[PDB]
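In: Pasting an experimental structure with its sequence.
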Amino acid sequence: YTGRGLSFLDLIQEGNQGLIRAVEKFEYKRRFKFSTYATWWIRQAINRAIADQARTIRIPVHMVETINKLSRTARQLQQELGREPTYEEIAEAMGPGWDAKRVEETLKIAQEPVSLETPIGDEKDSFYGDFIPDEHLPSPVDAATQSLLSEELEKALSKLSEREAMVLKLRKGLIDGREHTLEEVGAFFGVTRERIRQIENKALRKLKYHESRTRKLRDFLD
Amino acid sequence: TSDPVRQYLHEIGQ
Amino acid sequence: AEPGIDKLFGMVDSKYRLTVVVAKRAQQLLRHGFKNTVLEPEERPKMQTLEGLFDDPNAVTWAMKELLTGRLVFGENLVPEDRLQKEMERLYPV
Amino acid sequence: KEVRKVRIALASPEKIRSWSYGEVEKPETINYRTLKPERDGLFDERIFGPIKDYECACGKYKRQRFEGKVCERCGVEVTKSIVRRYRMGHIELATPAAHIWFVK
Amino acid sequence: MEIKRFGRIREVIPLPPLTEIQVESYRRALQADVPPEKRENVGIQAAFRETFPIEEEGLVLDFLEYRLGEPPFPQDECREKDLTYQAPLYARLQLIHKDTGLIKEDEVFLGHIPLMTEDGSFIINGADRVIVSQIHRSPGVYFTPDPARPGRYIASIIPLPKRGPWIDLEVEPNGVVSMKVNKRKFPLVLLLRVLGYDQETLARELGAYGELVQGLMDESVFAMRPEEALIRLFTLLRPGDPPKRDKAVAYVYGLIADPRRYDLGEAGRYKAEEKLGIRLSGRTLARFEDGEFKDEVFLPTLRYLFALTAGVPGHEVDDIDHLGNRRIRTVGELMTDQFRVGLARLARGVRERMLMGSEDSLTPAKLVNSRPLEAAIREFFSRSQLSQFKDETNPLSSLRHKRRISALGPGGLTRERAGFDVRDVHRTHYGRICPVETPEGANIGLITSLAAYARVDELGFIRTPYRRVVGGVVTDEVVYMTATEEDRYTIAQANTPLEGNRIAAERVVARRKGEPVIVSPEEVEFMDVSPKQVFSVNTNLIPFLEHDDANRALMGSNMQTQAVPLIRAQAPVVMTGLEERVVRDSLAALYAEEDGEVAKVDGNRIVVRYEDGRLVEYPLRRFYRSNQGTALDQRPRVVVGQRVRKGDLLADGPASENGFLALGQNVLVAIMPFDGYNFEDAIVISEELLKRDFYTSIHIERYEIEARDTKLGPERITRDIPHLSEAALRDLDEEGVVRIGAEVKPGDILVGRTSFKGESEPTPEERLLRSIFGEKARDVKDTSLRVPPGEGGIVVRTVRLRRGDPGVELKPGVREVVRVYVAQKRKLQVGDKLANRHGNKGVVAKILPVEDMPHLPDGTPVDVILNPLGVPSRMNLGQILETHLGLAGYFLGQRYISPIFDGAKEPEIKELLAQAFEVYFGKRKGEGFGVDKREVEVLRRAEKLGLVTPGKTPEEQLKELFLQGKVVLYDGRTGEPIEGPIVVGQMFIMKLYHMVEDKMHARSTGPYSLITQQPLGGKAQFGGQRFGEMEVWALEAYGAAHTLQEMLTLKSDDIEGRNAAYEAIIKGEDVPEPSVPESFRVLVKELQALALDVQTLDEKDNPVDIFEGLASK
Amino acid sequence: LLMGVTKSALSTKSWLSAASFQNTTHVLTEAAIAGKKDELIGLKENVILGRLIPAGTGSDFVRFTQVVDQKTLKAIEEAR
Amino acid sequence: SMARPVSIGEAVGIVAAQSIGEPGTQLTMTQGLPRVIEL
Amino acid sequence: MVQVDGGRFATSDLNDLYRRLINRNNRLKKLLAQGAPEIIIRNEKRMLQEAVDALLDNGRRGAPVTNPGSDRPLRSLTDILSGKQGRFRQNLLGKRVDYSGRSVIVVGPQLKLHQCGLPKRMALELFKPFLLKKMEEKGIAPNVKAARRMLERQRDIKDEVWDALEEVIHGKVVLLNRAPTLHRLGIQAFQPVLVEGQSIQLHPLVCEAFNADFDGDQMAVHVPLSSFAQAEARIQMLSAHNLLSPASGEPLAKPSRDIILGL
DNA sequence: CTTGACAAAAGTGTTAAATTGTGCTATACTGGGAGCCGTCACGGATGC
DNA sequence: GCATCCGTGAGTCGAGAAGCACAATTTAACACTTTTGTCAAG
Ligand SMILES: [Mg+2]
Ligand SMILES: [Zn+2]
């Protein structure tokens, strides 16, 4: 079973676990020699270990069987067609419930990850990791626009009344908290869950008036 | 000694 | 070469002390918007633009020219940093 | 304050456990279908922190209001995802293993 | 422009096929044309017959024959669709049951074998590739002196690479001969006994020498029987394993006697017989026949070592670097080696599978699994160090790449185990390897080129031709001889005077074992074919090579391979004679197959009606993009109704003019300083060159995009890109791809694509902004393809591939792929690099108007100005001589052919200059013009420098200057003459492929790395510049503490610092103070992963937290 | 005692500078056992931490210089 | 570099290394650069 | 363990080394709970010991561990911090920087000893953050976001941007570097002069210090940002201020090939 | 400031397809398999 | 003392092959219920 993901010593240890189980179930009454029965368990453990420990991204045992069966079928067709079979041929040979789409999906599931230290070039001076950008942390440009927008929006809300600005900040989550429902805001100010809507909608209109008359807040809309 | 596989095989042969 | 560099080098005991004074003066000029300059109106550096002459926007150029005049005082333990900034704020609000 | 010196010394097993936010018990990295980190694996969120800012794995908390909180359904703390670069785990060896640096 | 020929040497043979090294080797390996029963045991045929038959040990799998099918697709289709040009391989296998005695035969599909094109290159995954030949030590038996102990010699046995271990035989100081195998030393007597050798047999053979034999006699071993010694030897070789006869014989048999593990090879076997004077039965050290081991080479090797140590006159040591001891592995040998390796793995499966599972019901197709073989072949052609991306900047670029010899590669010297010995020019390189051409730098001497007349023989030894000299008269019998065979003769020189066929010179310059000598005609036995056989093809294109320093001719030959094809390229005025052959053998042009008449001529195809009556149509490759981006197209050179003889030219290929290799332009050159624009190799050129489209080239660029399937949804290539104005989408067609013929500048959209947005809630401020304007966030975002900065051109082509297309094997999850080709016509500009064939290179630094350039008295301005200060230090005087001949040909309207080391000389050149002056000055007198006043002033100054003879008339003094190649040159700015005569002439200058347009790069912010968070690198990724240690040391030495600190934190990896610095700058403030870099934090965490407690302290030793409490529990 | 440049460099008192030069495994292991503390005296140690090197404008001799004009100095003087 | 007394705070250590090692390529690889390295 | 592009994951070797250690540690726990013989247990512990060694330093003891279907050794913790490609010499002692460019160099004889020729298109990218503020100050753009969008497309750049760019770089300097930097005069500060083209113009007198000729060499451009960085460059690193050689004290910027010939 | 109405949108809940983890086969099988190879030189250290 | 072994270094930029059963666990659907958010009415 060598050359399938697991080293030689790892296979032996997995086999030893199967051998221990055989001693527990082996019935000497039946007059069968030990190697006859113990071989089943040893092979089962060396085959289960491969399915559970041969991949960086683990796949269920049932899926591993499907992938191996797909490889068998797609190799019988190769030497039978004298060329690489297309997804339609593989799907038809597999049987019912298999189509061209499923064959492709199963093959995109069986793609191993590629190491970040694989050299590219004659020398050992460049690697894959040198060419993969970091797209998680905001860039300096994106950080600046976020701060600029908050500064411009803050001044715009300064033209409104004190309560309306608080209503919009609370209702819109400018206080770092999720948008508080009208009610929740109504309990904050002890007013109806309809009054908050009326003032909030009114104030939202006035902000609309000012921006149209100044156009100092549209370039941020992307 | 330096070969784990060689060392194991010797142990089980005893 | 920077104008009057030979004169500047002879005003300090270490060429690195000149850089610190020049760099610190530039920060003072930028922070107060050039309102604390010790240069008279006919001495302020100018840059030639299409519209016309305008004040030079480079603060490091201003600091070097101010030092050559001799109206600046530099040294160690002159005044506490906290009180140095507070007086500069009051004299030249920004 | 400001850094003035840097010291290096051996780490005791007690200190190593003080660094860790939890023990890694399984070799699973991520789920082969949903692509999310697997529980108790090498990328577990309950150990090394949330993947995205102020958002637990179950998606019950989704705002900065609950900062420093630990969701009950999953166990993922509601904090910045940068902590995922600074937090460590540990593996509890069944038997002691010598450090090669001090042997070879 | 009639061509004048110089020279006296008459060559008896023409240049051999220049690419036969790449082509002949592959034909021999495949043997795809010979009938199966006529195939010999070479190439992949020997690989089949070696592994087969496979025996289970009563099942036998035998091999009968093989065949190759037609390629599935043509070459053109493979390039477009990213396929591999290959042919299927089938083998006829029959299963024989030794038990029953039954045979079952069927044909099994083994895989695909890549095919080689007509020019000698492969198409691997749609990209042209070349397999480079490798030079290594020839297998055999060698005798080198012992470095530690004088008077001692060591015998070494070397097998084929990776076909056995190296054996060493040495006489120990004790007197005991020791054999070293796999770094294990033991007495050779033990093995000698294993081969059934008695004490008397050794004494009778090795006893007729000094005391050496006595050290070879130990009574303990000899009393031991050969089988008894077999077990003890097994224990010595590999101790620990249980000593068994079955195991001991198997290990020993396969170590030195298994024809499937130890292969001396044809070259090794032939060398062994040549040296030891024996005939080896096979290619193995020992033979295991009839249940016993029989010696083959061990005893003969010991004899040679003994006699050499004793001091017999006839035995001598071997030189490892001698070209007779070094052989070349061509493409055919390299491929078959990988074929044998893959075949072996297939045999392992056939065995492990024939002893398991329904053994009775078995067929040859069932046992065989070819996937192992198909992988070994695919790996070699894709992931090998000798399989290199083809170089096709110009036709000469690709031709040289196929004639390159490399000592590196899998199974060869590294760049650390490579020392002066291997990089030197051995005396045997004469006529086999070019001494000048080599990559300057760290690979100098490790990569070389085959000579012009050399040809690699069957065994891999380079041979060179020599003319037989008999009775003092030169004959036409040309003999190809190897270095070892060449050492037995006196070889004269090609330039020896001949009065017909008899040597005329009484004293002949010859060579005896590489050392020059002076001999008489009666002592000469061979002669050189011509001076061309000593240099490579690239060095044979340099005229006046005998006047150039070797260090500078190396640059000139290398730079010829970097010239770009020009739309108005012209052949050089001064040629060497190889310009026609290079184009013919590069398969770039198109030639008539036989006598006929042209029926149709078009910019796309030529139809020729031959004598036999058949019509042949030749499509023309037009505006095709090469590997380097250059445009390669063929232009018809015939007209309808024109009669064409066999071999006539039908269409010019890239970089050729009427069948002549034309890599540059012929320009009028003045050698003089000019206002400092010539400083340190810079060049000054006239604006007139740009006006007439001189040095204008066409380059094509390809851009590719993909539409894939995603969990969120599929990417769709559409013209309806969100938040884009009609100005940006003006040139996109209905399908979202740019229309052909549109002009695209940087920032423009090539193909529009939209991708589903990842589910993510927007920030509270963004949500408020959307509410104000009443805009609902869309479910798609702009991810289209745009022109990168600094690029552009005219769209010329667009190729669209979709899943399910015939022959299109798209990777899983890829719906379609779109490719756009953009072509731009580049003119000469400041910063572009020019050069000539004599190693003079520089960048254009100024482009003067026509009225500023110096002009001749008749009003002709010069085209280029070269600084004379570059000549004296480099000692490349060939360019000066080329200019003198060019000036003569400029006024006479003719071209010249001067072969290297046999061609034009100053007496011949000065005679031409005399004729040119009559046209140059005779024309002036006829028009009614005398001598200019300015010309008289210069003549007065010139006579003071000793350039002209006093007392002569101005016309005669002017002629004296002209014969020296100098003319009176006026200044275009002032109109006064240059105070001294200047050297003017015509030079052939090539435009190199290194252009400033492709190299200028700048960046303020962009992508950052994953782990370190530092800026990426390279122009393609928009990366920054590397501030290495040496650059940090410069800032430390300057005392720039604050400038250094920024490059380390603010501008590289201080995530908080860099974000704040950018925001401050755009706000009109000064950048803030930097903080701890993110790279130091990574180092601390990695040290902690090693179980080391790294702690940063403060003035009082109190711990300081640099992680901002994010790592504190 | 006399020693070469390599040995004289590897036996320096700072582990941060010695570790970055050569024998990283040997240097780090020897320092960890002894619990060494790098005082950040040289230039390499400050470069690694991204601090201000103690040379040129970053030296203690000139790093604390103050510049002030005549008017403000008098105001501070009298404001005493 | 200035023909005057050295200013306090200069990195004379780095200048010594660069000055000595810069002309190294000009020293023909008990003679030449090999001699300097052993010294 | 990232998802490159939108296909295939990329992972470091440390994940493989950790997985091997966890797999063997977990297996040892199972074997101990089952009361396996000493031969089995002894083998498991030895394997667990070898798993740790490879994680900490692969290759020091025994044959290096390699990934399946490959002979490339896995990268351990020790190899990360050691060697020319390690953390110390690759990311701590030297880094890649922003606000940096590169291009071919040509000779400019009309320049002063303290000037250099910087292409306009390089200056536009190097000084982008400064340029955006200047555009906003004038009427060129309404805000920084609008200004940045203008510079994205080459055909959207008006002619006033080049006038604003001329104001931004007034007085400032840039550092020119040619590798290898064998002495301190391999990095010098010049006053840029915007020029039409794509090559950097270098003063003839500073070629000897750089050891640079004009056969196709290239140089890198770096932009000091703060006043302290600008003050140091304009005082200590300026080309016109470093005229004598620190090694010997003799002139280093002196007449050269063509200048000597004329005089 | 609310009033009763609508229309959801969000949350909860049970089911049932669907995926995933686990145990078991009884003729006799009883110690692996690939390397093979052009460096130069100090330190710096066991061993007899 | 010597040998013999064994680690540590060796320039810089850029561009480059088992199957099946059955139990345990999770995801998907359609149902209801309950907050929200809106709208004519002062
Ligand atoms: Mg150069
Ligand atoms: Zn949660």
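Out: Right, received. Where do you want to start? Numbering: from 1, shown residues only, chains lettered A, B, ... in the order given. Ligands and ions are numbered 1, 2, ... in the order given.

In: Tell me the spacing between residue E:505 and residue E:35.
Out: Distance, residue E:505 to residue E:35, by CB to CB, to the nearest Å: 55 Å. Backbone N, C-alpha and C define where each C-beta goes, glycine included.

In: Who has more neighbours out of those two?
Out: residue E:505 (16 against 8; other CB atoms under 10 Å in any protein chain shown).

In: mind pulling up the phi and psi values for the residue nearest to the more buried one when sequence neighbours are not counted?
Out: With sequence-adjacent residues excluded and distances taken as CB to CB, 6 or more residues apart in numbering or on different chains, residue E:505 is closest to residue E:497, at 4.8 Å. Note on residue E:497: its backbone torsions stand at phi -60, psi 140 [degrees, to the nearest 10].

In: Could you do residue E:651 as well?
Out: Backbone torsions of residue E:651, given as degrees, to the nearest 10, read phi -160, psi 130.

In: Against residue E:393, how distant is it?
Out: For residue E:651, the distance to residue E:393 - CB to CB - is 20 Å.

In: Check residue E:335 too.
Out: For residue E:335, the distance to residue E:393 - CB to CB - is 27 Å.

In: Then residue E:608?
Out: Taking CB to CB as the measure, residue E:608 falls 30 Å from residue E:393.

In: Tell me which residues touch the nearest residue to residue F:42 once chain neighbours are set aside, please.
Out: Spatial nearest neighbour of residue F:42, excluding adjacent residues (CB to CB, 6+ apart): residue F:17 at 5.6 Å. Neighbour list for residue F:17: F:38, F:42, F:44, F:45 [criterion: CB atoms under 8 Å, 6 or more residues apart in numbering or on different chains].

In: part of a strand, is residue F:17?
Out: No - Residue F:17 is assigned helix when assessed by DSSP: H, G, I helix; E, B strand; the rest coil, not a strand.

In: if I look at it, how far off is residue H:185?
Out: Relative to residue H:185, residue F:17 is positioned 26 Å away (CB to CB).

In: cool, and residue E:31?
Out: Distance, residue E:31 to residue H:185, by CB to CB: 65 Å.

In: Same question for residue H:166.
Out: From residue H:166 to residue H:185 the distance is 29 Å (CB to CB).

In: Is stretch E:988-1007 in proximity to ligand 1?
Out: No - taking CB under 5 Å from the ion as the criterion, stretch E:988-1007 and ligand 1 are apart, separated by no less than 11.7 Å.

In: circling back: how about a markdown table for the contacts of residue F:17, with neighbour count and secondary structure added?
Out: Listed next are the contacts of residue F:17 as a markdown table, based on neighbours: other CB atoms under 10 Å in any protein chain shown; DSSP: H, G, I helix; E, B strand; the rest coil:
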| residue | neighbour count | secondary structure |
| --- | --- | --- |
| F:38 | 24 | strand |
| F:42 | 18 | coil |
| F:44 | 23 | helix |
| F:45 | 21 | helix |
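
In: Pick out whichever of these sits closest to ligand 1.
Out: residue F:44 (31.8 Å; CB to the ion).

In: Understood, closing this out.
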